[PDB]
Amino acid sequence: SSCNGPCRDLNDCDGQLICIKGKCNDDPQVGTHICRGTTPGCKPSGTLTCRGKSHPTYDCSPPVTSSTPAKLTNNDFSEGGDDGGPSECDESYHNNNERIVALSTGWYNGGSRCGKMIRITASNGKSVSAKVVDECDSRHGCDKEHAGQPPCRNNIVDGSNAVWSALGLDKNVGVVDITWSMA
């Protein structure tokens, strides 16, 4: 491996080249600028402040698998509600008797899962199928336009009343652990 190229755990690679990240960048004390100009963990992109708190922001979410761990929260998708306007996938409002969810920005993946069903499993072993209709935005929040609410976390399935009920869960606990997959 040279410049845009990967070392193992340690710097088992070409020339007098060391390991920065998982790539063979240059050694600073050597003074050689061989890999100059070349470039290469879901982590927070930064923070937004509201109230007092700093809240992390994210562009990404953990990897989607056949059994993806997540936190389930509760959201009002109706025209009456909390959200800033219509759901992203279809520019409409929905009833909270519909089995529907929003997904953290990374899982939302620019709309690639809109209109798809996911299967959510709770800790009591109940499962429910729900349609993806919206993004739980983990990049933006804490302002006029979002009602001063923090940005979403990165591992969130934000479910309707009907999703919580189908799962036998009390929405007043606010947040519970689940797993999910495409259905």
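Start at 1 and count along the sequence shown; that's the residue number.
A.B. asks: Please figure out whether residue 40 and residue 41 are truly consecutive in the deposited sequence or have unmodelled residues between them, and give none, 1 to 3, 4 to 9, or 10 or more.
C.D. replies: Count of unmodelled residues in between: 4 to 9.
A.B. asks: Mind pulling up the entry and telling me whether 69-77 or 85-93 has the higher mean Cα temperature factor?
C.D. replies: So the stretch with the higher mean C-alpha B-factor is 85-93.
A.B. asks: For the stretches 133-141 and 22-30, which has the higher mean C-alpha B-factor as given in the deposited record?
C.D. replies: The stretch with the larger mean CA B-factor is 22-30.
A.B. asks: In the PDB entry, which of 115, 151, 52, 46 has its C-alpha at the highest B-factor?
C.D. replies: It is 52.
A.B. asks: Considering every modelled residue of the chain and its Cα B-factor in the PDB entry, is residue 10 in the lowest, middle or highest third?
C.D. replies: Its C-alpha B-factor, which the entry lists for residue 10, ranks in the highest third among residues of this chain.
A.B. asks: Looking at the C-alpha B-factor of residue 176, is it in the lowest, middle or highest third of its chain?
C.D. replies: It belongs to the middle third of the chain when residues are ordered by C-alpha B-factor.
A.B. asks: Using the temperature factors of the C-alpha atoms in this entry, rank residue 146 within its chain: lowest, middle or highest third.
C.D. replies: For residue 146, whose C-alpha B-factor we compare with every modelled residue in the chain, the answer is the highest third.
A.B. asks: Tell me, lowest, middle or highest third: where does the Cα B factor of residue 126 rank within its chain?
C.D. replies: According to the entry, residue 126 has a C-alpha B-factor in the chain's middle third.
A.B. asks: Pull the Cα B-factor of residue 35 out of the PDB entry and bin it into the chain's lowest, middle or highest third.
C.D. replies: Top third by C-alpha B-factor.
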